[PDB]
Amino acid sequence: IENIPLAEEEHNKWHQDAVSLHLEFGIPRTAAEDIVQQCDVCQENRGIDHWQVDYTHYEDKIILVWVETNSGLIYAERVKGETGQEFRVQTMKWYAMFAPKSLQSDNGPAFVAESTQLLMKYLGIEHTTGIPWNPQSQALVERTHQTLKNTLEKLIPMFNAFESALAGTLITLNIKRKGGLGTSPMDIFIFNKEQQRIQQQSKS
Amino acid sequence: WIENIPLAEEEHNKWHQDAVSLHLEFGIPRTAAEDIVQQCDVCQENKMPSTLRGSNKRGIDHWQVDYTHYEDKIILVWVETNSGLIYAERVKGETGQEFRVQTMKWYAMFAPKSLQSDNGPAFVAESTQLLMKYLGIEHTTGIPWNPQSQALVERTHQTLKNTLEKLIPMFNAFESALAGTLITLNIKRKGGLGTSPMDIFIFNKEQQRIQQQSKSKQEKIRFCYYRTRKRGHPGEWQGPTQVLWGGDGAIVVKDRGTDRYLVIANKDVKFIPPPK
Amino acid sequence: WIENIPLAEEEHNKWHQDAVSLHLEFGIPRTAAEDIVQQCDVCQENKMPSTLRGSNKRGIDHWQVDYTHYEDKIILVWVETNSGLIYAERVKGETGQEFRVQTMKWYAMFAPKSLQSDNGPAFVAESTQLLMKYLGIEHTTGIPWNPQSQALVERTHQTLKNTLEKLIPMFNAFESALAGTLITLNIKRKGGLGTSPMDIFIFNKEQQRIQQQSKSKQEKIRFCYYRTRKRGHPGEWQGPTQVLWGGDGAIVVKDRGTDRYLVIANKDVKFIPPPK
Amino acid sequence: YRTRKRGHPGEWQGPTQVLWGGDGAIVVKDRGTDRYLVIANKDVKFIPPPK
DNA sequence: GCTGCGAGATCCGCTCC
DNA sequence: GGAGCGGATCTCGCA
DNA sequence: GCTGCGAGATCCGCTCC
DNA sequence: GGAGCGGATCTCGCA
Ligand SMILES: [Ca+2]
Ligand SMILES: [Ca+2]
Ligand SMILES: [Zn+2]
Ligand SMILES: [Zn+2]
Ligand SMILES: [Zn+2]
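Chains as they are written, first to last, in the authors' numbering: chain B, 2 to 46, 58 to 216; chain A, 1 to 276; chain I, 1 to 276; chain D, 226 to 276.
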């Protein structure tokens with residue numbers, strides 16, 4: 002209970018981000034978002061289960077890439093072409109495999125349509141389309157693209173199918189790679205999901 | 001007793017009666033009648049096959065994979081034994097390369113430890129076994145012509161087809177219907193105590209971390225003396241054993257001779273003095 | 001409560017969840033979730049058929065008749081429901097005349113009162129129904145394409161074939177083997193408490209004599225007053241009734257309005273004064 | 226947990242809290258007989274604690 | 001205006017010698 | 001404590 | 001050198017208002 | 001005494 006006033010005071014003194022406050026005080030995510038929105042300095046100028065969707069060209073190969081902002085979890089697939097139907101199928105599969113809550117993307121033909129917007133409202137996920145303003149998503153997705161193409165170039169000759177190489181790159185960049193206190197970019201996502209589940213169960 | 005035993009034997013030879021009938025007729029013991037009837041070669045030859053049944057592995061990181069057909073569509077289904085989470089994908093055929101791609105994608109999505117499957121053109125081959133050894137997954141093959149071996153995936157076939165029948169009109173694309181039935185069978189199930197299978201899988205994966213177990217390297221070590229107990233007859237103390245876990249009223253001892261875990265009550269357990 | 005009911009309804013429309021899932025998610029009552037899920041037309045259309053099963057007539061003079069094949073041989077089997085006695089005969093074909101001869105021979109051997117059979121070229125026809133009316137036997141025909149209706153004769157088919165497999169080498173004639181298996185399944189069975197099915201049939205036939213019941217024509221006659229008992233709420237006295245049998249702590253009353261036998265405890269039973 | 230009775234598996238008894246879990250088997254407290262029972266990993270399921 | 005069935009194996013829990 | 005023993009329980013295959 | 005399974009209906013016996 | 005409710009029980013069909 003006192004964690005909410007403590008977080009409010011600390012944000013007034015330092016103006017940190019919501020994820021750090023949630024991790025270090027255990028305050029509800031809604032309270033952290035309310036505190037963030039209530040800061041005029043931050044408003045006038058890294059969320060859990062926040063995703064970014066992008067396309068990638070690889071010497072005529074079309075790759076759809078999904079990047080989680082909080083955790084370096086990358087989901088890559090092969091798409092025949094930029095089409096609304098294919099994007100809707102891919103995004104429904106993506107929602108089938110994970111439990112997202114928000115999405116961010118650029119302004120595109122298949123991205124912006126009445127059918128896909130209706131489908132995403134049907135799923136119940138917040139969508140934000142426009143030019144990014146936080147100078148972190150662009151750099152993060154650029155690093156994701158660079159690492160993904162580097163690993164794909166490295167691992168292509170070992171396997172036969174291109175999808176096989178893509179799966180191998182996903183294995184390398186999601187499980188085998190480690191950082192911090194010996195943690196993987198996939199174990200962090202599981203820990204965050206478990207924390208969200210236990211908080212939701214405790215609250216309601 | 002002994003005198004009428006040949007009479008009962010010849011009567012059963014002539015008519016092939018039952019043991020209960022012989023016992024009730026000639027007064028012979030039930031054991032004697034059972035021995036007589038079980039020794040009949042004719043009865044043994046025409047006896048019905050034994051009915052004993054077992055159960056599946058039901059491991060934590062254990063997965064069962066199978067193919068199925070649905071209106072000129074081929075679906076590959078993976079079923080997790082512990083949580084019950086399922087993963088289905090539409091596959092053009094049943095070639096080895098397609099199965100290899102699908103299984104390594106399945107490994108990429110989450111890390112398993114064992115797989116159970118039946119005989120098949122793609123399940124067992126040269127390249128697929130090499131791939132599974134490369135990934136490091138234990139593979140077990142069931143008895144041929146025993147579809148009951150992979151019971152879990154067979155039941156999930158019903159649970160998937162029945163639910164997928166509902167969502168076909170909603171979506172024009174078959175893959176969309178598959179994703180929707182995955183939603184309604186994985187996240188929106190919330191069966192039992194109120195936890196979806198995905199929640200169980202997430203919890204099991206979270207608690208599987210070994211760094212938590214490696215956090216503490218200091219723990220008290222004690223040794224114990226125990227003896228066996230056969231038919232209530234006490235035995236003899238069998239060496240010193242390291243205590244595995246100490247509770248109240250009982251203890252657990254790992255027998256090296258049988259290499260098995262046993263539980264011993266405090267009345268048959270004694271403790272060596274600690275070092276001083 | 002009421003506010004989230006449309007939310008649960010639309011969620012079930014979108015995903016077709018289960019009632020338990022809706023109750024655990026939105027907190028709606030289990031009854032409300034059951035009503036919502038049962039009102040879904042899609043769920044009703046694809047729901048699995050109901051599983052309720054019954055039992056056979058199991059009458060005293062009730063017989064079930066059926067045909068069977070055994071290595072280019074046709075066997076007609078009659079099974080008595082109560083005792084379990086069986087009677088099998090080799091028949092050249094399945095014509096109506098052969099069945100009529102066999103069934104009237106079966107009537108000649110012992111007198112039944114009812115028969116149960118399925119649809120067939122000879123079981124149902126014009127001449128056979130006339131013959132059964134001539135003999136005075138109630139005939140019942142089971143539901144078509146429901147072989148489970150005549151379960152008793154179907155099980156006796158197994159019990160006959162399995163035993164007949166043993167006695168084929170002993171006798172060169174097939175009819176001899178049939179007679180031997182009739183011996184070993186009727187007289188030499190002696191199953192259960194130690195009474196063969198033929199003994200049960202003989203006892204039931206012996207006690208069926210009506211002259212014993214007609215020996216005594218004098219008996220005390222009494223009348224009684226009783227009332228119904230619904231949910232523990234007493235009703236009103238419903239006319240005078242003739243006592244059927246008087247025991248201790250209870251009595252039996254035949255309700256004419258429902259035409260059924262009921263048991264009433266002494267606390268709800270009173271007796272009219274006897275005539276004086 | 227579940228046990229083998231008369232050569233066939235029994236019903237899924239539980240839920241219950243595990244006491245000690247090692248390699249191969251875990252030890253659990255039974256309510257029917259108030260006795261400790263050791264059961265291998267091939268006939269168990271793992272569930273997070275309820276509310 | 002009606003319907004599933006049991007024979008043949010296997011142990012537990014029992015009490016009695 | 002050894003001992004047999006009555007009975008609940010299991011599957012499968014008649015159509 | 002290993003294996004049957006559960007989803008979807010229906011009542012009883014229960015206790016609580 | 002009305003009331004809902006948790007749980008034991010049933011069949012059938014995946015191969
Ligand atoms: Ca038949
Ligand atoms: Ca199969
Ligand atoms: Zn701020
Ligand atoms: Zn014999
Ligand atoms: Zn519905």
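C-beta: ideal position from N, C-alpha, C; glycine also.
Around the Cβ of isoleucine 36 of chain I, a 10 Å sphere holds 16 or more other Cβ atoms; the residue is buried. When DSSP reads this structure, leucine 262 of chain I sits in a beta bridge with I/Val253. Between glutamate 98 of chain B and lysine 105 of chain B, the C-beta gap is not smaller than 8 Å, which leaves the two residues out of contact. Close to ligand 3, as judged by a C-beta nearer than 6 Å to any of its heavy atoms, are the residues B/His12, B/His16, B/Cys40, B/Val42 and B/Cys43, in chain order.
In the three-state DSSP reduction, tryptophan 145 of chain B falls in the coil class, being neither helix nor strand. In terms of side-chain proximity, the C-beta atom of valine 37 of chain I is found nearer than 7 Å to a non-hydrogen atom of ligand 5. DSSP, read as helix, strand or coil, puts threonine 140 of chain I in strand. Within chain A, no C-beta atom comes nearer than 7 Å to that of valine 91 of chain I; the closest sits roughly 25 Å away.
Taking C-beta atoms as the reference points, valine 65 of chain I and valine 153 of chain I count as a pair closer than 8 Å. Only residues of its own chain outside the window of five on either side were considered, and among them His16 and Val37 have a CB closer than 8 Å to the CB of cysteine 43 of chain I, listed in chain order. About 7 Å separates the CB atoms of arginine 90 of chain B and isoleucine 74 of chain B; that is less than 8 Å, so the two are in contact. Nearest to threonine 195 of chain B by alpha-carbon distance, out of A/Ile168, A/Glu165, A/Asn204 and A/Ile210, is A/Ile210. What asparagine 46 of chain I touches in chain A, judged by beta-carbon distance under 8 Å, is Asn162, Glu165 and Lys166, going in chain order. Contact note: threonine 195 of chain A reaches chain D through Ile272 and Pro273, using a C-beta cutoff of 8 Å and chain order.
Residues of the stretch 225 to 252 of chain A whose Cβ lies closer than 7 Å to any Cβ of chain D, in chain order: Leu244, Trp245, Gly247, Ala250 and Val252. Contact residues of the stretch 203 to 221 of chain A toward chain D are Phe203, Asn204 and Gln207 (C-beta to C-beta distance below 9 Å). With a cut-off of 7 Å, the C-beta of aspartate 66 of chain I is classified as distant from ligand 2, since no heavy atom of the ligand falls inside that distance.
Relative to ligand 1, the beta carbon of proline 147 of chain I is positioned inside 7 Å of a heavy atom. One Cα belongs to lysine 166 of chain I, the other to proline 234 of chain D, and the distance between them is close to 35 Å. Taking a Cβ-Cβ threshold of 9 Å, the residues of chain D close to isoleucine 200 of chain A are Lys270, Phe271, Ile272 and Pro273, in chain order. Taking 4 residues as the minimum length, the alpha helix (DSSP H) runs contained wholly in the stretch 65 to 124 of chain B are 96 to 109, in order along the chain. Of all residues in the stretch 21 to 37 of chain I, the ones placed with a Cβ closer than 8 Å to any Cβ belonging to chain A are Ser21, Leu24 and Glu25, in chain order.
DSSP places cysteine 43 of chain B in the helix class (H, G or I) of the three-state scheme. Using a CB distance cut-off of 8 Å, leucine 182 of chain A counts as an interface residue toward chain B. At least one CB of chain A lies nearer than 8 Å to the CB of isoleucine 187 of chain B. Annotated as proximal: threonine 68 of chain I and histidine 157 of chain I, with beta-carbon spacing under 8 Å. Remark: three or more beta-carbon pairs, one from each stretch, lie closer than 8 Å, so the stretch 198 to 216 of chain B and the stretch 195 to 208 of chain A are flagged as touching. Between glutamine 17 of chain A and chain I, the shortest Cβ-Cβ separation is below 8 Å. Residue environment for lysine 161 of chain I: exposed (fewer than 16 other C-beta atoms within 10 angstroms of its C-beta). Take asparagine 119 of chain A, set aside five residues on each side of it, and the residues of its chain with a beta-carbon closer than 8 Å to its own are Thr141, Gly142 and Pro144, in chain order. With respect to chain A, the C-beta atom of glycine 59 of chain I has no partner C-beta closer than 8 Å.
Between ligand 1 and the CB of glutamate 154 of chain I, the shortest heavy atom gap is smaller than 7 Å.
Below the 7 Å Cβ cutoff, chain B contributes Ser176 and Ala179 as neighbours of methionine 104 of chain A, in chain order. Residue pairing by DSSP places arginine 227 of chain A opposite A/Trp237 in a beta bridge. DSSP places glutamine 17 of chain B outside both helix and strand once states are collapsed to three, so it counts as coil. Comparing C-alpha distances from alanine 265 of chain I to each of I/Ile251, I/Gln238 and I/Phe271 shows the shortest one belongs to I/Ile251.
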